[PDB]
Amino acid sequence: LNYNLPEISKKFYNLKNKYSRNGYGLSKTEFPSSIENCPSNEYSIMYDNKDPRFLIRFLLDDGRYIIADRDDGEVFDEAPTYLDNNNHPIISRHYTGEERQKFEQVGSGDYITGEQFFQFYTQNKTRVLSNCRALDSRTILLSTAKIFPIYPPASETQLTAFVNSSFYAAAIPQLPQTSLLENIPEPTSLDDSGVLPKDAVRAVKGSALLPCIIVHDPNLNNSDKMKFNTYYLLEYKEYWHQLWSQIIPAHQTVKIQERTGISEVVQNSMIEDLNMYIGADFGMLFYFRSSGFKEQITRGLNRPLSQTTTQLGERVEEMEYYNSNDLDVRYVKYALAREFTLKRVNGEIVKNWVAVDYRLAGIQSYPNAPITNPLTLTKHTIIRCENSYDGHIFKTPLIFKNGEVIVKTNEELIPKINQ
């Protein structure tokens, strides 16, 4: 598969100045600035011809970039503080996802003769990143609102011209092959309890590359994480999650509780680790830290953005089923599980999150068809649910044919819908 990352999002590039004659560029040097009115400190992004930085550009949904450093894992930040001539200093800072950490790259120049370069703009191209005063001297990087047109050529523009030089490869995990969802597993005897979730056959349906800056992995420092796990792998899988398994005596009606959805604990876990969680429509919801990448992520996962603000919770329902057979029958019901797995580049599993989709479910039995008659749902009651996004029950009686997937929205419900 292909997540379709740009070349600059797959490499830590050394950014050199286009017009520098002595190989000056963005640096991590510990020496202070040599220019008079260009003060430096520990947070300053330096400019020097030694100790070069290697920077990756994470692509946001809107096209702008996050600039992160390979060694300390911090990102470029436009500080709100004012310098001389009302300029903002560019500093190193932990990723927050604020607007001050977003930069727009604009290419210009002679593309035909390969003499092109690029600049970085902020605040809707009202400010451009520029060296402080010097081209071939140790100085700092800043944001200035003093933008000149490229024609007629201004000397001050040269302080803003960047090119790509040497690079390190970003650590990128391979995407798994997609597979098809199996048929609902059949019991082989009256004593067969069916297939538990731990043994259920998974089908890969999607995968996404997550920048390490949005992933919370406390087992690694930010340096190792940025360099060895630049992108985490989030794979989306599906399997048949068993709701219950029971022998139902001949001509008997039994009460069975069906627990689906997802617990608040699991939701909070995914929120803490990825700032993502599941909506009541089983679509993806995002918080501030990772919201900037939600469109790329969902296109890779093949799971839609949620269209509701309601958070998916646990769903406890009590169902009554009738066995219309002249014999005791082993019945087992499965519902569709939606599984998300966070992996490192090496393949190690960081965490799992599963939501059980009650809207897609089915029943199998032993003895199987055509020996036995299909089970019948005769009563449906919602016992516990903390939201009313779906307060509908099935219109009973409803027949669950063996192996058939019952889609809740394709059946008659109470209260009535689509009518």
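Start at 1 and count along the sequence shown; that's the residue number.
- The deposited model assigns a higher average Cα B-factor to 220 to 228 than to the other stretch when 332 to 340 and 220 to 228 are compared.
- If you average the C-alpha B-factors over 37 to 45 and over 371 to 379, the higher value belongs to 37 to 45.
- Going by the entry's values, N124 shows the largest Cα B-factor out of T308, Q105, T298, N124.
- The entry assigns its greatest Cα B factor, within the set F76, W244, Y239, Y111, to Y111.
- In this PDB entry, the Cα temperature factor of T29 sits in the top third of its chain's modelled residues, the highest group.
- Among the modelled residues of its chain, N410 has a C-alpha B-factor that falls in the highest third, as given in the PDB entry.
- Annotation for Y151: C-alpha temperature factor in the highest third relative to the rest of the modelled chain, per the entry.
- Annotation for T396: C-alpha temperature factor in the middle third relative to the rest of the modelled chain, per the entry.
- In this PDB entry, the Cα temperature factor of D51 sits in the top third of its chain's modelled residues, the highest group.
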